[PDB]
Structures are given as C-alpha cells and as structure tokens.
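# Report on the structure
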Amino acid sequence: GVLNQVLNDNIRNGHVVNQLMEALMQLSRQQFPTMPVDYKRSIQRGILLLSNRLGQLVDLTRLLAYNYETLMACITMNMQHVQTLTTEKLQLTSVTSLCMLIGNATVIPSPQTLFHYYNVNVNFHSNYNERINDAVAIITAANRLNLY
Amino acid sequence: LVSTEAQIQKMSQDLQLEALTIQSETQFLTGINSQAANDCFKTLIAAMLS
Amino acid sequence: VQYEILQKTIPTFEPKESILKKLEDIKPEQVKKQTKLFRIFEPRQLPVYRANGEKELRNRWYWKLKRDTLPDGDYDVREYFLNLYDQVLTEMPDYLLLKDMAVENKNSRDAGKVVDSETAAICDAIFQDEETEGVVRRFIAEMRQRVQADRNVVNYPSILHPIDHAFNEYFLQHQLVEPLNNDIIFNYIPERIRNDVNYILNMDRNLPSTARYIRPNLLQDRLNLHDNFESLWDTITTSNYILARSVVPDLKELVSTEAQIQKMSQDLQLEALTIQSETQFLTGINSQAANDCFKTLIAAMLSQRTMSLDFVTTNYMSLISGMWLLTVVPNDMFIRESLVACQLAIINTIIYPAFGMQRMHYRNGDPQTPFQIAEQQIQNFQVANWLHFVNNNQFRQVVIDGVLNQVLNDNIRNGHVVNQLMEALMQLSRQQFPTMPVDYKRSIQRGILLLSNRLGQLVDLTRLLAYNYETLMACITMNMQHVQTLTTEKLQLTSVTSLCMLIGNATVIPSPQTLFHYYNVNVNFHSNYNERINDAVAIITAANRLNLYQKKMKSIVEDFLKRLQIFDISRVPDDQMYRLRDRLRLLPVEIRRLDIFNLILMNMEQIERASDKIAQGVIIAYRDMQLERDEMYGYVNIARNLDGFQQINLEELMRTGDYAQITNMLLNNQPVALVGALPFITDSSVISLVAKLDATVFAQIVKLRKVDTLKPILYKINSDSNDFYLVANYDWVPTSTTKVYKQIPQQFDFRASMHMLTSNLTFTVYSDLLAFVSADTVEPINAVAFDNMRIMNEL
Amino acid sequence: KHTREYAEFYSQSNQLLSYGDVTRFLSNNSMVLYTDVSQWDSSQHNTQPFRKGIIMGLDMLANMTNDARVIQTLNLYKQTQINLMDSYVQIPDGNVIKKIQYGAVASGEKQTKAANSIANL
Amino acid sequence: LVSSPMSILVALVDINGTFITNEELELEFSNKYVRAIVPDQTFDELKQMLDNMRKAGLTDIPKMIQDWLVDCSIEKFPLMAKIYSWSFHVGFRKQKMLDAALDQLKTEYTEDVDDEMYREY
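For every chain, the first residue of the written sequence is numbered 1 and the count continues from 1 onward along that sequence, whatever numbering the entry uses; residues with no coordinates are hidden. Written order decides the labels, with chains lettered from A and ligands numbered from 1. Here we see only some chains of a larger assembly; the values are for those chains and no others. No hydrogens and no water enter the side-chain calculation; it runs on all heavy atoms of the structure.

As recorded in the entry header, the structure was determined using cryo-EM to a resolution of 2.65 Å.

You'll find chain B entered in the PDB entry as Inner capsid protein VP2, with Simian rotavirus A strain RRV given as the organism. Anyone opening this PDB entry will find it titled "Rhesus rotavirus (VP1 structure at 2.65 Angstrom resolution)".

As named in the PDB entry, chain A is Inner capsid protein VP2, taken from Simian rotavirus A strain RRV.

What follows concerns the overall build of chain A. Across its full length, chain A carries six helices and zero strands. The globule rule used for comparison is 2.2 Å times the number of residues to the exponent 0.38, while the radius of gyration itself is calculated over C-alpha atoms. Against the compact-globule benchmark of 15 Å for 148 residues, chain A has a radius of gyration of 24 Å, which places it well outside the compact range. Its C-alpha atoms give chain A principal-axis dimensions of about 80 × 40 × 25 Å. Burial analysis of chain A (148 residues in total) assigns 29% to the buried set. Residue contacts follow a heavy-atom distance rule, with two residues in contact if any of their heavy atoms lie within 4.5 Å. In chain A, of all internal contacts separated by at least 6 residues, the share reaching a separation of at least 24 is 81%. Secondary structure is summarised from DSSP: a helix means a run of H or I of at least four residues, a strand means a run of E of at least two, and numbering begins at the N terminus for each. Exposed residues in this analysis have more than 50% of their type's maximum accessible area, buried residues have under 20%, and partly exposed residues fall in between, with area computed by a 1.4 Å probe over protein chains only.

With that settled, the discussion passes to the sheet that holds strand β6 (residues 146-148) of chain C. All names here are of chain C. The criterion for strand pairing is that DSSP finds at least two bridges linking the strands in question. Pairing within the open sheet is antiparallel, and its three strands lie in the order β6-β7-β24. Every other strand in the sheet has two partners, leaving β6 and β24 (754-760) as the edge strands with one partner each. Sheet twist, expressed as the mean angle between neighbouring strand axes with direction ignored, is 25°. Bridge count between β6 and strand β7 (residues 153-159): three bridges; the pairing is antiparallel. Each residue of the ladder has a partner; that of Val147, found in β7, is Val154. Note on method: axes are straight lines fitted to C-alpha atoms, helices fitted across the in-contact stretch only, with angles between N-to-C directions ranging 0 to 180 degrees.

Residues and elements named next belong to chain C. Along the chain, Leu223 turns up in the loop between β10 (211-213) and α7 (230-245). Between the C-alpha atom of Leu223 and that of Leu580, which follows or precedes it by 357 residues, the distance is 7.7 Å. Setting aside chain neighbours within four positions, we find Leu223 in contact with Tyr529, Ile533, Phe560, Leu580, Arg583, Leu584 and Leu587.

It is worth spelling out the interface of chain E and chain D at this point. Note on interface size: it is often stated as the accessible area lost on association of the parts. Contacts between chain E and chain D engage 32 residues on the former and 37 residues on the latter. A quick way to say it: buried area is the sum, across both parts, of accessible area lost when two parts are put together, with a 1.4 Å probe. Both faces combined, the contact of chain E with chain D buries some 2700 Å², and carbon together with sulfur accounts for 54% of it. Salt bridges, as used here, are contacts in which a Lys or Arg side-chain nitrogen is within 4 Å of a carboxyl oxygen on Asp or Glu. Taken together, chain E and chain D are joined by one salt bridge. Taking the shortest distance from any N to any O, the salt bridge between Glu28 of chain E and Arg24 of chain D comes out at 3.3 Å. Contacts described as polar in this section are N or O atom pairs within 3.5 Å, which, within protein, must combine one atom able to donate a hydrogen with one able to accept it, while residues neighboring in sequence count only if both atoms come from side chains. One can count 15 residue pairs in polar contact joining chain E with chain D. Secondary-structure elements contributing two or more residues to the side of chain E that touches chain D are β1 (15-21), β2 (27-34) and α5 (97-104) of chain E. Taken together, the residues of the side of chain E that touches chain D sort by class into 18 nonpolar, seven polar and seven charged. Under the grouping applied here, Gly and all other residues not named as nonpolar or charged are polar, the nonpolar ones being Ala, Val, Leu, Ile, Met, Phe, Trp, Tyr, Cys and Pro and the charged ones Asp, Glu, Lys and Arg.

Each side of the interface is counted separately: chain E has eight residues, and chain C has nine residues. Summed over the three residues of chain E that lose the most area to chain C, namely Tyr109, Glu111 and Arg119 of chain E, the buried surface amounts to 70% of that side. There are zero salt bridges connecting chain E and chain C. At the surface where chain E touches chain C, the tally comes to two residue pairs in polar contact. In terms of residue class, the side of chain E that touches chain C is made up of three nonpolar, two polar and three charged.

Another aspect to go through is the side chain of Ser570 of chain C. Looking at where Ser570 of chain C falls in the secondary structure, it is placed in the loop between α20 (554-564) and α21 (574-585). Assessed through its relative accessible area of 18%, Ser570 of chain C is described here as buried. Each residue touching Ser570 of chain C, except ones within four places of it in the same chain, is listed here: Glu5 and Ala6 of chain B together with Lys16 and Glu17 of chain C.

Let's shift gears to unusual backbone geometry. Residues and elements named next belong to chain C. Here the residue pair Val115 and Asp116 is connected by a cis peptide bond, since its omega of -10° sits within 30 degrees of zero. Along the chain, the position of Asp116 falls in the loop between β5 (113-114) and α2 (117-128). Non-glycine residue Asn224 carries a positive phi angle of around 55°. Along the chain, the position of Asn224 falls in the loop between β10 and α7. On the basis of relative accessibility, which here comes to 35%, the residue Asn224 falls in the partly exposed class. Its identity as a non-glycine residue notwithstanding, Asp401 has a phi of 55°, on the positive side. With respect to the secondary-structure elements, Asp401 resides in the loop between β12 (396-400) and β13 (403-407). According to the relative accessible area criterion, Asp401 is partly exposed, its value standing at 48%.

Printed below as a string of structure tokens:
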C-alpha cells in the first residue's frame, strides 16, 4: 500500500556499469581529431582511470542499490517524486571520491538501524494522520457549532 | 576504502595536470578524500529515499 | 654547568613504504635443497583391545598426523589445506641428493644406510620393540642402499606414509637441475654476441659430466603489463632505462672542447659588437653533455622509454642537431608535443624561410606533424625526400632469438641517412632566403656549416649509435614493447649538439663483461618475474579450487608485486591489484605446482580424517545403535559413513545464520546428521554412556542459535574404563543414540611402508654459467658493424 | 626559480615578484585565502612526517642513478634529515643550560627556506 | 596590538582598477572592479581588535580606524597605512632567549590527527 520509486534491474545488479565501461573504453580509443595531444592523453587516461575500476563500480552500484532498497522497505509514506524548490547540492568531486576510493567491503544497514528508521517513519506518519484528524475534527465541530 | 595516497598517486600520474597547466596557474587533484566519498554515498541514498 | 633535560612526546608517523631495489641489485633467489623427507604422518604405538573391549597384551602401530593442528569448521579446514599447499611449495626442492639424508641403519645386516634419519628412528623403534614380529626384524635387517656408479644412481630404503611417499617421490622425479657442459655454457650466451666478430670468447675448464645447472624461466610477459597497466609499465620502463644507462659505454677520446669551440668561433666569425644568433651556437657544448646524450639515446631506445625534447628556439644550432636527431632516431620515441614543437621550429626557422615560403601556421592538435605538411608543400626534391624519410622512419618489430626487438632501418645502421640529411642541408644552404635579411641567411648557413664540417664524424656517430644499440639489445630477454610511457626522459638538444661536435674517431663498443652483466641482470629480472607469476597463479587457482569465497586476494597480488622488488606497492591502488589478479587468474598453473596441488586435492580428505582433534560430523539418531568394535578404541560410537540420514551442512548454517531447519529438527527429535569439521569430547565413562550424555549436547544450539560451541561426545569404552565390569558382567554391547562421524586410523604396516627412493649419487650445481667464459674485444680501431665495415672510419 | 608557486624563489633572472601575484585573479566570483605561517616552526607537520617525506624522496632518487658519488651525496642528505628528526636545542637560563627536545623545523639549516616552501605547498 | 587591524582592513576596500604582476617588477593594469565581501564575523573580529586597543590605553588610533570605517575608502586608507607603519617604530622586543624560545617551541602534539591527510601530505 506504499508507493515506491524503484530502480531498473540493471542498476540493482550493477550490470549497466559494464555498458558504461564499454562506452568509456570506446572513448579512450578515440582520436579526438583537433584536440592537443597532451590534453587528449590526460582525458583518455582519466576515462581509463574510471573504466579500469569496472569491478569496484559494479560492486558500488550493487551496494548502493541494495542499501536503497533495504532502507526503502522502511518507508511508510508514499514516495512522491516532485521537483522541490531547493535542492541538495552534490559535488562531482565527491562522486569522484566515491568512484575511486570504494573498495570491496560490504556495508548494509544494521537491523537496529533499520528498525529505528522504520519506527521514526511510522511515528511521523501516525502523528501526521492523528494531527490531521484532530484538525479536521475541530474545524468540523466549529462549522457545525456555527462558530462563524 | 582504497588508501587515498595510493589513489591520488595513481590519478596524478595518469592525469598529469601539472604538465598541462600554464606556468602561471596551479592545478592538482582535489576532493579525493574518504570524507567526500562517504558524503556522496549518504547524499545519494538519502536523496533517493526522500 | 648543570644541565636540565626537557623531553616531549613526538607522535610517531610511519609512512607506508617498501624497499625498492635497482635491477642490478636484485639478488637471484636461492636454490632450494631438501634436507629431510617431507612427512605428514608418523607411526605411533597405541593399545589395542579385543572384540569385547578387553585390552590385549601387545600394542599396535598406527599412522598419525605428525602435526595435528587441523582447525574446526570446513572453511577453516580448506584454509588449512591452502596453507599446507604453500608449505609443500616452499619445501619442494630444486634438486635432490639422497646421500645427504642417508643415515646408518644400526640393525642392518650389512650395516647399510637409509633415508632419512626419521626412517632410522622408526626402524630402531620397531626393531627394539618386544612386540615386533621376527619377520619385521628380518625385513629391517635387509634394509640397505644400492649404488650404481656407472649410472650415477643410488637407491635408499625409506619408511613413508603413502601420501608422504607420493610427495617425496614427486620431488625426487621432478627436479629442476639438468646436465651442464661447455656447449651449454656457450649456448647460454646470446646468439648475436657469439655471432659478432668483434668479440672473442674463451674457456679454461672442462665441466664434468656430473655437472648440473638450472635453466632460467624466460617466458615472455604473460600479464602484458605494457597493455593497460600504464603506471606499472612506467615503473618497469624506468627501471630498464636506469639499468641501460649503466651499460652504455662512455665515449672515449672525444675532440677537445677547447679546440672544437675555438674552431667553431673561427667558423662563425663571432663579432663582439653585434648581438648574433651564432653566439648561442656554442651554448652547452661539453664532453659531459655529449656522454649524457649518448647514454640517454641508447638507454631510451633499449628500454623503449619515451623521450622529451628540451631546446631553446633561439638556438638554431640546436635545431640543426635536432634535424640530425630526427633523422637517426625514429620520431615515435619522442613525446608528440615536443616532437611537433621541434619540427615546427626547424621548419619555420630553416626550411620555409630558405625557400621564401610563408611561415607555417601550424595548429596545435593537428593530425599531421609540421614535417608531414612541409613534405607536401616543399618542392625541392632533396629536402622533401629527407622530410619524407623522417616522417616514415620507424622501428621494425622483429622477433630475434625468441625476443621481440625494435630494429633500426638499415640505412640508419650504416649511416647512409646522414648523406640524405646532408644533401637536404646543402640544398638549404644554396637557397637565397628571399624575404630574410642577408644576416639571417648567414646565420643559417653558419649553423649548417658547423654541422656539415663533421659529415664523416656524423656518419661514424650514427653507425656507432646503431651498433651499440643492437649489441646491447642482444642482451635483452623480455619483449621490447613499443608504447609511449606515462613519463618521459628529457633530452636537451644542446647535448645532441655536443655529441655531434665533440665525437672523435675513437670507437667504443660495449665490453664483454658489460654485456654479460646486462644479460645476467635481465635474466635475473625475467626469471624472478616468471617465478613470482607462477607462485601467484598457483595460489589464486588453489584458493579458487578450495572454495575460499571469503578470501580477499589483494594480499597475494601485493606479495607478488613486493617480490618483484621495483614497485612501490603502498601507492598501488587496490583496483590495479585486482585487475592483476584477474589477469593472473587466466594463466595456467605451472606443471610442478599444479601436480603438487593435485596430490593435495586427492589426499586432503584422508589427511583431514586422520586428525584426532576434529570429527567430520555427528549423527543425531533417536534409537539405540550398538557401538562399533574397533581394535584401537574398544567400543566406540563412530560412524564410518552418513548413509541413511538427512545432512545439515554446518558451514552453510554458520554462513547464513538461519537455524530454523536445525531448530525444528532438534525440537521434533527428527534424525539428522550435522556435517562439518567439529571438535569432540572423548569420554571413557560407561556410566556417562548409560546416562545418555551424548544426547544432551544439542539443546544449546536451539537456545543460542550457535554451532561453534557444538562438541559431540565420542565414547571410548574398553577395559581402561573405570566401570567396564558392567560391559563384562552383563554380556552387554553398549548402545548410543548419537554417533560421531569419524574414521579409524590406518594400521602401520612396516613392509608396505618401505620404499626404495632413487636419486643421482652425486653431482655439482652451478649458478653463473658466464663465470666460466672469459671474453675480450678486438681492437676498437678494427671493430666492424653489420655491413662488414669498420664502425668508425674517419681519420 | 622557474616554479611560480614558490614566490620566494621564482624569478626569470634574479629579481623576485616583489609586488606579488594575487590581483590577477581577484574577481567577484573569486576569493583569496591568506594565512600567516610564521608560527609553524614547531607544528606537528614539521615533525617526523616532513622529514620522512624528504627521506622517501631521497630514497626514490637513489634508485634513479648509477653514480656512487651522487648516491653518497643523497645518503649524506638523508642522514642529515634523520639526525634532525631527533634533535635537541640548547637554551641558557642563568647558570643552567636547558636541553629541550626539538624534532621540528627551524632556520639556520641550508634547506629551511625551500623545504618550508615545499611543506607549505 | 596596533598592527592587528590591518589584516582585516585590506579586506574592506573595493578594487577600482588594480595592478597585475607579469615578470618580477612588470605591471599590467586592469580597470576591473571588485566589491569587498565581508562577513559579520570579520567585523566582530575587527571590533575585538579595537576593544583590545582601547584596553591597552589607546584612544586616538582606534578612533582614527573607526572614522575610516565609515566609508572604507582607498583615498583615506593612507591614514591606515600610516598607523600600520608607525606601529613598528616602538622598537624591538629583546626578551630573554628562554621565554622567546619557549614561546616558539610551545607545542601540543596529538595522536588524534587525520592519518589520511598526513599520509597525503
């Protein structure tokens, strides 16, 4: 009964990273016709820096997807997708850090962490519903009591 | 996480930003620390969840 | 004067760092020699009991593990066997002479010898024992060695467990040494060095027929580190470049710098009053620079390390020296940016202005080099021909003596390209420079004159460079892979000018001792590389075949790179090491390591079942089952097999942590067999068996959801039990509801355990074969190149 | 002298950038961070980490040469750094000389200026 | 005490054209305009510096700085430069070598440092 925003199964198993690697490898073999050769070498070597971490990136994608699904199991309110007024800024250098520093150590939410998250979500949802009920009851009572 | 000195060494050797830079400018690897990696992981998962 | 000492705590910072050696400093790994026979089992005397559990008068010998340190849990057992594989690989020798292990058999009729001393200990223990049968004593008395001097063979008696015999026999029959003689020693020299007429090779020893040597494992790179391992390849190529710099001979009897500089000053007609371009022509001309240029060029070509051109555009003599350098050295040896910069300077300073052509507007990143455009645009035939040759001058990839080598064009090797360069330069000199001031044409002419006053010296220098390159390339054992490196070696063009201006008529060629040293260093590095590849591949394959899924193999690749001794492993990221693991995983395992692992795989179950520390499982039945009669136990609740019972894998139970099935089966008293390496408690108490203690050791599994603490009871009921009379006085065969899945030890049969180990009676092994070769060089005045002519012919 | 980052040493021939180079990139999308570092003589980063970084550089350089004299020069420099890692200072105080442990950086050494520039960068 | 405010004052004056170093004394001039962006914390620090001045018995110098702070103009900045230069003419501070050294080698070394940062450095 809860709306959930789920990922492509290729993200969940991390296989899409292979395609990324494939594309990256193709980009490393390109001539860059008019580009100065030193800049071309630097760009191609960066492309290979990301491409040669194929196994680590597959592991990272699987870990991220698994953590997302496990923590999403604890969400009790509909995961409505809207474009919010203010966003969360994300540095692409932080993305580089995550891509180049991730190892092979699996980290999943602790069962107590999952229960805490689920309990906080349930408490917020129940409080939201109960305060809606209280507000609606008071408003309707005022209207029916003719408290103009 | 991968040792940050090892990864910085690798990425600096491969990128060679120092040689590309003009002699009047400074260029080097930035934001390749473990704190940034943890922040990215948390930010991605939390943003998707919320 | 009294002193006061104030100390402070400075935190200790310990940078992570390995100790890196140069290629010449890498010591060859020591030759493995076996001193004792490898043994996993030994004979041990145990009391035996009758069918009713009564103790017999005589004991019995059984095979028992020498080191019973075998852990609990199936995964830990497989890890133990991986460690055993490592131990056996460490103990596997390179060669074997059994007379070293031979000891006196004091009970032999002929006072003969046996191998090893532990066999003699067993022989004494069996012979002196009163319970030993006289047939065994006769057999021990007949145990002696047999020598065959004509065959150079010796056979020794040995007492070994069948698995011990298998391992030792494999060691004996798969040794690495092989016959050595003078023909082999000379064939060890590279063929091109032997075929060279400039070297005379001599020997003053006749190696005996009983001499041996171990061949280096010179397989070409199975990892292809030249492909996509750019940092590791950069390290390898830098090490090769440093090694090559040390073997390039120093130029001798160069032209005096003072005399040459005076001659150049006279030729240039330098004026004190005027600022001139010719004044810079003399910059940085010295013998040290000439030697540096020679070493840099030859070492970079040998190691295939990319070079970078460093020059000042205001120095035109540097540009003419660069013309010569680009003529002789293939342009792919230079980083593209420096090559195009030097070519553009040459074009726009010498070529286009000579012909009145508008200055080239060359674009950074252009697909064509400046010389490639000039070749199409230049109409003079000589200049265009030289430009075309420089554009198309390339190394030839050729496999010589099984090694990939980069070969210079034959016209470079005999110095004929210098004539084409000189024809182009003379054509440039004849030009008018229509758009330039006459002084500019004068400066260009004076630089060309400086270069062309030494045409014969340049031909000789090109021939010398090519000859030294190919002679030192004969000593390379690993494939010369042509690929641009991450970092380059800087080559100042003033050094090229110094080499061109100061080269004399003296011919210098690599010393035979220098060639042998270079070859030995290369062979040592190649052999160490191959051996460490073999070790890593064997360990990785064994771990995969042992199902060690929790093992992180970063440690194995880290050790492999550490033993390569030239890589700073602490700065190698884990991704690169796991890529190396992936590449290693695709290589076949070396024959000896593979066979040793096959023996271990075949015999590991038996070795594990020989352990007294652990059992292979526990059958929880809920019915009375009579204890088995075994001579070395009495009555024992042992199960030889798990037939007829549902099996719960304890390794899977511990991995998944799901105790639902086992808890349900324990609560419902459903017969089961918990399978996995377990510790057990040995209990000789008959009352404990009557009390059914063994059936009480499973409720903790339900209580705590743990199987680590599980320790089934092994009953050992015989006349040594305190309450054994109950068995004896009631014609009662003990029964139990729980059985311990375990095997009984195998009896030690002395006659069956005797094996005649055969080896060579005696030989001597040699390490450095080139030590037996004394080499010398002909007079350098008469040293000839490939074309049968003297390398340098100028007066 | 040819590295622009080292303001103390950078110069084409002999003269330093006495007016400095900071105003080129001052803009409304730019900010300049400046810090006084005159008090970083006994800081923890001028202790073992700094000297051992220099020592590691020397160890790397030792593998790039075949000349015994260059290797001996590098060894002597490394020994100077090793000795200066565990150093004490003398300070008089009336009639008693205090020997105070000091494994940090100070002027009066040949490499102080350039080494401080390297460490600060 | 008197020289402290300058380190903040330089950050309160907008650029209306400036110099740009080219090579060691060579200046190319820009007409670039840059506004001075100053957070409230910097103003609090300047207030604290003036309070320290007054706590030491200074009345005229902090009053001059406050008067200049009304406009923060470069035309009246010569008075700030004057105060800065004058501060250094109150002589040297030739304290005992013991006290000066102990001030120099006053260290609080800790094992609680960022290992990653130190290894990278």
